[PDB]
Every structure is written in C-alpha cells, then in structure tokens.
Amino acid sequence: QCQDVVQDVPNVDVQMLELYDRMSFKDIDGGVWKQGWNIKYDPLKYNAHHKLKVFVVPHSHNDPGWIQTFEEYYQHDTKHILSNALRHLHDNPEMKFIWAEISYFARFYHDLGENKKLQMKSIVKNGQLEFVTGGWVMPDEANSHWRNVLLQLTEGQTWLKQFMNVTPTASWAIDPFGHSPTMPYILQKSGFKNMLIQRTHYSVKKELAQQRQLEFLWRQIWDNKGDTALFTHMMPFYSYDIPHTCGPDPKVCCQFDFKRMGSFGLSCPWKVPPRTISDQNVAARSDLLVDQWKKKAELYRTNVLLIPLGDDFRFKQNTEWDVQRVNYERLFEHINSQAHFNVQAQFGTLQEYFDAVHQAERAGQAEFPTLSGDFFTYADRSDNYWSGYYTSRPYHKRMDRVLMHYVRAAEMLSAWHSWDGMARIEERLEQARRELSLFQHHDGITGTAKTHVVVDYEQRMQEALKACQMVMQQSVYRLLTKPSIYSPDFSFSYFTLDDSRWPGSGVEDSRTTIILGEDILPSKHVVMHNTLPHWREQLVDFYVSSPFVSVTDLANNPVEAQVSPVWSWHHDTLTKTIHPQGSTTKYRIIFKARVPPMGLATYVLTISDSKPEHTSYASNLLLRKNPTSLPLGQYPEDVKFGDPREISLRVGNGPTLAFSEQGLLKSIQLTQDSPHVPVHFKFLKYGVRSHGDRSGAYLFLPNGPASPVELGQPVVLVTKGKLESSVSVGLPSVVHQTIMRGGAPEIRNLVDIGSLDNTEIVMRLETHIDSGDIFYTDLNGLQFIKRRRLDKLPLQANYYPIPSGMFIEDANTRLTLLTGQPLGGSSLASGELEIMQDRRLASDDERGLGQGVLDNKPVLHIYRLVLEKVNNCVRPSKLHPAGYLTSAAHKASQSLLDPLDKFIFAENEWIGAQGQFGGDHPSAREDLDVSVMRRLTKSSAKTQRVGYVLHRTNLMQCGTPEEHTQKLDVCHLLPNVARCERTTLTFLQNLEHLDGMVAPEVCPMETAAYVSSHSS
Ligand SMILES: *[C@@H]1O[C@H](CO)[C@@H](O)[C@H](O)[C@H]1NC(C)=O
Ligand SMILES: O[C@H]1[C@@H]2[C@@H](O)CCC[S@+]2C[C@H]1O
Ligand SMILES: [Zn+2]
C-alpha cells in the first residue's frame, strides 16, 4: 500500500540536518583551493587498463533577464550565440554544446528560416546540441511554488517535444542560489534519471568532497524505501566558470579559458594569462591541465570526469568558438596519444557524462551514497549568506502567487469545453503560462534583477493576468448560460474579476463598485468559482454604492450579509499621523458563498430603500487621542471614538483575540474556558553594516539583531460585525490588520518602506511555546522541513525561505503562520517566529547586479495565523527530518493561495443565467487537490485529451474523525471517456493504461498525472 511518511525515519548515508548539527563550518584558507585543501592523487591510480575518461562540456549560461531584459539579451547576445552554435556545430562534428533555457531557444527557432530549422534539428538528432533540463527557465528553487516549477518545466519540454522531438532526462542547475529537494521530486516524476547542482555552501562542498559524497541518490526526507531517489551530481568548486571547473587551482584553470588573452576584453585575475597551444608548449600545458583533472577526479568515485567549459553568455563570437575549440582540440590530440597520462578526453554532453558514470557503477566500480535534505541557506564565501533574496522585491513575489492561481483557474475553467480558434483561448493561455514561467527564473521571483528588468517582468505578468481574466470570464459566461441562448462575442467582457487582495486596498484602487439605484439598476448578478475539488464556503466581499443591499441565491433564498464601511488609510502630512478615512459613497458587503467542487455559484445583490431584513451593519470604533469626526454617508451606524485601550474580540464561536493599545495581538483564547495564550506581534528593523560587507539584493548582512520600530501613539480602528471583525493600526511603514471570521485569523500588512534606506522591516511573533532551537519551514509549498537554529552560524544563516508557511511547536502547542507570498524568515529564539516584510538597501552587494534595492513599492502581504493544541496529534519521532500541517493549517494555506474567484456581471441583464455549475462533481478528501486541469488538444482533434495533476498532501492525525468523502476519478469528470492513462507530470509520456478508465487517487505526499481521452 502507501508508504507511511510519518512514523518510519529513513536510513540515509547523508541527512543534511544531521550533517549541519555535526559540521563546524570553519572558514580556513585551504591554499589554491581556497575553501578546500591541497588534493593529492596517486599517479599509479590510472594505467593502460584503467584510464580517466574526461568529458569537456561546452555551455553558455543565458539568464532570461538580469542586468538586461529578456528581449535585450536576446537581441544583443543570445541570438548570436545560438546562430553561431548552429554554424560551428554543423561545421565541426566532434564539437558539442548543451542548452538549458527554452524560452530563448523558442524565441530563436521561430525566427529561423526552414533551411536553418532543419539544420538545427539535425545537430540535435545527432547529439551535438543537447538540451539539459528543458524548462522554460532554470528556476529559482527557494521562492518558487512547486506548481510553477512544474508549469515552466512543462512549457519548455512540451515545446521541445513538438519542435525538436526530444525530452531531456538530465537536469542542469548551475546558478540558483541554493537547492531544493522539490526539484528531484518533480524531475523524477517527469522521466528524469540524473541532475546536476552547483550553488551549495562552501563548507558542505568541503565536507562531501572529503567523503566522496558529491554524487548521491537524492531522496525525499520522508521516503523510507527510496522510490523518489534521483542521481545527483554536485560540482565541487566556487563557481561554474572555467577557472572553477577544470580543477582546484583557479590560477591554473584560468589559463585554459581561451577567451581571456586580451582581444575579448577579459583577463585572468590570478595574473597568468592563457597561452595559445602550439606544438612547442602542448606537452607542458597538458601536464598542467591533466594534473588539475586528476585532482578533481579524486573527489569522485568513478573514472569518468565532468569538466564544464563555459560562463555567462559565452560562445557568442565566431572567433570565440574557434579559440576554445582549436586549443582544446590540440590538447586532446596530445593528451590522448601520450600513454603516460592514461587519459581519454573529448568534448561531450551532460547525458554522455551520466551514461558513462552509470556504466562504471554497473561494472561494480562505484557505489553511491544516499542523501536527504536541502541545500539552504547558501553562502559562497565567509559570512556572505544569500538569505536577502528570500524577500527582495516582495511586490513581485506576491504577484507570482496571484498569477499562479489565476493561471490554474483560467486553465481549469476553460478546460470544460472545446473552443473555436476564434475565441483565442489557447493563445491567451499560452501567453499567461509563458509569462508566469519566465518569472520563475532565478533573477525573476528572486528580486535580483535591475530595476528596468523588474519592470519588464511586472508588465509581462500584468498582461498575463489580463489574459487569464479574459479566458475565465468567457468560460463562466459559457458554463452558466442556457446553451440555446449563449451568443458569445469573444472580445467582450461579460464579467469583470473582483479581487479583494491584489493589488490591495492601499496599493491600487482597482476595484469596481457595483452601482445600484432605483433610477439606474436594481440588482446585480455575481458568480464565485472554486478551483478546489471539494465544496467550499467562504466569505466574499464586494463594493456597492448603497449600504441597503441584500443577497439571494438563484433560488431567491435570502443569504445573511454584513455591510461595513470602505476604510482607507492616509499619511496625513499636515497632522503627521496615519489615520483612516471612510467612504461616503461606497460600502463593503460580505456574505458566505457556497460553491461546488471545481464549480460555480451565482448570487444576486439587490438594493432597497432601507435596511434589509437579512443584512446587518458593523460597528466601528476609532481609538486615538484628539479624534475628529468620520462621516459615512448613508451608513446607518455612527462611528464611535475612544482613547487607546486594550480590546478583545470574538467572531462566532471562534477564538477570542486580545489586542494591545497599539492595535497588535497579545493573546489568543481558543475556547471559552481555556487559557488566554500569549501570542504577541511586534515589528522590528534590521540595518546594514557600516564597515565590511553590505547587504544587497542577494545578501543579508545585518548589523546585529533587530531593533523595535518606535510606534508612537498609533491610530487603531476596530470594526465589529456578526460575520467579520477586524483591528487595523497605522504603524510606521505598515498598516497592520487582523481579521476574524470565526476561525484562524487573517493578517494583512500594507507595507510601504518609503525612503527608509538601509532598513529591513521584520514582523515577529513572540510566544511561550517551548520550541528550543527547532522550527519548520516549507519547501516550494510542497513539504515542511525541520530546521535547527545554530548559534555557531551568524544570524543571516538561520534565515530560510518561507514560500508558504512556517511553524514552531512543543509537546502541547503549535503556532503556524501561513503566507500568501514567499518571504524570508526564522525562529531566532525559543517561542519566536519572524518573517521579513521588505528591505531597502542603498548599496550593491558585489555579485554583479550593480545596484542596491531602492525601487520598493507598497505591497499587501497576507497571512493566516493558526494556534493549535497538538498533544493528541500523531507526529513524527524526534529523529524524523519532516513535519506536517494539521487540517486547519492546510485549509488556511489554501484560503490564501487558491481563494474563491469573484465575477461581476458587466451588463444590466444576464439572459439565460443559471445558478450553479459542478453540483455533481465529487467532493474529494481534504488532503487531495487537482493542482492542474488542462485541455491538451485544440478543437480540430477528433480525440480530445484533458490532463490532470493530482497531489495529496499529508495531514496530521489528531483525532478528528473527519470522514465520509467521495472518491475522485478525474478520468470521468468529462463525458464520453474512451481511455485514461497515467503520465509523467508534464503529460509527455504515457506510463500506464488504466483499467476501466478509472484514475486512482494517489498516496500521501505523492503527485500523479492522468490524461483522459474523449470521443465526443
Ligand atoms: C522522434 O523520434 C523517434 C525515435 O527517436 C522517431 O521514430 C520519430 O520518427 C521522431 N518523431 C517525430 C519527428 O515526431
Ligand atoms: O544573479 C546572477 C547570478 C549570481 O550568481 C551572481 C553572479 C552572476 S550569475 C547570473 C545571474 O543569474
Ligand atoms: Zn543565472
């Protein structure tokens, strides 16, 4: 049956948390290998019957945006690299080249004439040009959500299958800033057999090198059996550039980068230039180079050695192709003909290297270790830990998650039907997928690009959001209109999307008010979509032009609603206070929408001349000294005023929250009898060093622990309603909001760091929880990994990515913070959680970006806070490296990442309107998600095909019986199923033809893909 992911601790040779506890992390000078040691080898190791096989693998790192935009790099550099690669590989049959970034390759190939397309296909087919990974990008591994890692991988590999007829099975990840086990998870489920990584902490490289553990079978932290394992090669040295890839001595290796002799504007910082290889020097030059190779080979277990040959945007000029190729050819001729070296060296590809490694393994020459864990937080040297980019450019980090959801929703909503080409559905979805995929680049979501490049990514993402909205609203109109009435104009807006959290109140006033009135329009239809495969009820809100509005379902059943004011916060430069103003012409109406699995539900908003029977009105209390009046137009309850004071609130039967006089949480009481548990929010600031290394987009180099933000006497606004209550406070740089709807609170921070240079703003939670040095953070929204704070490491080393959540716990109590955006965070003392909100840095951090981070803009960060008793939960043992969410924390995460979508009908009357879609869809167990639903065929295909990605998480058992659900068989969601197949996660290979055309559900922590085929 399924593997147990909780109770059995895997036995692995290397467990990265255990390794971290034992390592000392001393930064001593190792000689020419500055972070290693002087490698020694026995010359007699190699001989006539046991040669060293060397693969020199030419490559070119092409960032899809960084210090230029994608299109700028394409025009100035990448199109010439690819054009000249085609020519030089064509003309030089033993030369090889690998290529990773399919965004660029697709941009290139589609501009080729057919003669050149054919020539390109021939050098791919014959193995000279080899694709590695084949994703749209080489993604960030820290901030990216696994769903978007899969999206971009699929975008690139689907392109490659269609146009190049190849599917890579080896991955190349030389530049992401630390590495995640989510990558082998996805890759192994996508047909891969091997992967390569580079940017791991220098101390880890030393430790694993000493044990010859740089090649390993990387399995997931919970995986007892090993079925998730993927063979992984970690490169051993400081960079992927030629000085750090031939061997341990960069002064020697630089002499073999033949672009550095002067005419190209490059040189060797170790002050010994390359020399052109001639018959007079080739023996000496070869003895230098072979000795470097044999030292590198000592770090690995086979007689097969990988030597990358490349750097950023290399292999551009024809003269560069020639100078590298001709000099290496002279070296190979000499080396391979001189028996005393016992070396056979050649240009090769990545797959060629791995195939030869595994041939050695099968011949019994090596056994590889098993490994679990991750490779965060990266440091490349000294105390320079790359935890800054977990937060840099947080606006765009948040935008990533918004677009993630709208791509899912657009693909799902439109998959139910086949569309005519004139509807431009496929066109808009392809654009949306590609812009989101581009942003997964390790200079996109990471916030490590130049200002104008960030603007380009943002503009692309905005176009993608508009594309999603168009597809979604067309789809809703089709799904909810009587078929014989449906008369679409595929350019028309039948609905507009309403999003309450993006860009957010205080960031952009982009929401449309529903305008009702006796002399204009009595009522309005709205529609909610639920992308999750279970019934959901959730409060939804809209802006309306009257407070006298009531809600009905499309059976005209009244729905209870609450009306509240529309409050906006202002930085009053004449009074020097931050305080709220209420609208006198628009109001918020809130009600519970109940929406089928993967379905839609319609409601109607109707105006009346007076308070309606089933609509209540929130009270409002402004706490501040010196108040002034707050008129609210027709809102029927007058605002109350008071001096600052502690307050407590409870919605429904839910928790009771107590707040300080400054508007910040102080305690949570779960039930009426129970203790008021201390849970205190605090905002603090980190600065920058005034000597030594400065923080920048990549690096976090604080000048000591954080200092509290001075709050003064902030203005606090309390809104109390039957359905929703909140406490909001205007603090320096942050409008902080705690919202209660009857379960776990929601936190919203409108963060505007303003002109506070050299400041990082952190939000900290202080509790009594006896967590010691342990805390948990997620990896890519997929899994939670145990962290241990290490006081032998500096503060910034104890920061980890928080892509979706974090928690601390003791024997009895857990506090989980779920996020709607990836940010950096830690637990720096027992009972604490902290998460960075924004950072503004005036200096560059000396990694090549050439600017600090001075382009901050207001961002609305969102969270859920879940305090729980966990003493009755079945948790992993103390030695297990994973943790798992409870039901309530998982649902709270889903609330943030995949909320209901809201649609407002744009015209005055919707003729043929229907009340619901998907009432017959199965309501699957809470731990299962349909992560992807995508129609894979256009309308001309006689056999339509729909793909599904199913993911089951693992939730802790805590004694909530929580049961009766329906089985979900995705292959029967559409009618006329003729076949159901299990596929790789990219949909590109059929793995099993399924009996009865039934797609089984998956095991906890597993992800599977299915394709259903339909004959009508
Ligand atoms: C793709 O490759 C397979 C074997 O590599 C070959 O049989 C086939 O003709 C190619 N199909 C295409 C070009 O779609
Ligand atoms: O962000 C950049 C990388 C970083 O490692 C700094 C050195 C250049 S690489 C190219 C970019 O992706
Ligand atoms: Zn890069």
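Basis for what follows: all heavy atoms, side chains included, without hydrogens, waters or symmetry-related copies. Whatever order the structure lists them in is the order used to number ligands and atoms, beginning at 1. Along the sequence shown, the residues carry numbers beginning at 1.
The nearest protein heavy atom to atom 11 (N) of ligand 1 is closer than 4.0 Å. In this structure, atom 2 (O) of ligand 1 is in close contact with the protein, since a protein heavy atom lies within 4.0 Å of it.
Using cut-offs of 30° and 60° for the angle between ring planes, the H201 and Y385 rings count as tilted.
Residues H61 and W172 keep their aromatic ring centres 6.0 Å or farther apart.
Checking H110 against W159 by side-chain atom types alone, a donor-acceptor pair falls below 3.5 Å. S437 and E155 are not linked by any side-chain donor-acceptor pair at a separation below 3.5 angstrom, with hydrogens and angles left out of the test. A donor atom on one side chain and an acceptor atom on the other are found under 3.5 Å apart for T182 and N780.
Under 4.0 angstrom from ligand 2, the non-hydrogen atoms of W386 all belong to its side chain. Under 4.0 angstrom from ligand 2, the non-hydrogen atoms of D312 all belong to its side chain.
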Please evaluate residues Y389 and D443 with respect to the criterion side-chain contact (heavy atoms from CB on, under 4.5 Å), reporting the C-alpha separation (whole Å), side-chain torsions for both, the decisive distance (0.1 Å), and the verdict. CA-CA 9 Å; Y389 82 97; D443 305 296; over 6 Å; no
Check the pair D257 / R314 against salt bridge (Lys or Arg N to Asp or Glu O under 4.0 Å), numbers first and verdict last. CA-CA 11 Å; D257 181 353; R314 288 297 192 92; 2.8 Å; yes
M95 and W321: CA distance, side-chain angles, deciding distance, side-chain contact (heavy atoms from CB on, under 4.5 Å) verdict: CA-CA 10 Å; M95 184 60 177; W321 280 89; 3.8 Å; yes
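Nearest to atom 1 (O) of ligand 2 by heavy-atom distance, out of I67, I174, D311, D443, is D443.
In summary, of the residues considered (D175, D140, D380), a salt bridge (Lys or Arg N to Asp or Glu O under 4.0 Å) with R199 occurs for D175 alone. Under the side chain to side chain contact (heavy atoms under 4.5 Å, CB included) test applied with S695, the options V688, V853, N384 reduce to a single match, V688. Of the candidates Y202, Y238, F237, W33 forms a ring-ring contact (aromatic ring centres under 6.0 Å, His included) with just one, namely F237.
With sequence neighbours excluded, the residues that form a side-chain hydrogen bond (donor to acceptor under 3.5 Å, both in side chains) with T169 are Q351.
Within ligand 2, the atoms closer than 4.0 Å to a non-hydrogen atom of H442 are 12 (O), numbered from 1 in the order shown. Close approach to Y698 involves these atoms of ligand 2, each under 4.0 Å from a residue heavy atom: 1 (O), 2 (C).
Among all non-hydrogen protein atoms, the one lying nearest atom 6 (C) of ligand 1 is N165 ND2, 4.2 Å. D63 OD2, 2.9 Å is the protein heavy atom nearest to atom 10 (C) of ligand 2. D175 OD2, 3.1 Å is the protein heavy atom nearest to atom 3 (C) of ligand 2.
Protein N/O/S atoms closer than 2.8 Å to the Zn ion (ligand 3), listed by chain and residue number, are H61 NE2, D63 OD1, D175 OD2, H442 NE2.
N758 places a side-chain N or O within donor-acceptor distance of the main-chain N or O of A842, the cut-off being under 3.5 Å.
At least one N or O atom of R199, backbone or side chain, sits closer than 3.5 Å to an N or O atom of ligand 2. Below 3.5 Å of separation, one finds no N or O of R847 facing any N or O of ligand 2. Ligand 2 has no nitrogen or oxygen under 3.5 angstrom from a nitrogen or oxygen of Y240.
In this structure, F313 does not count as a contact residue of ligand 2, since none of its heavy atoms falls inside 4.0 Å of the ligand.
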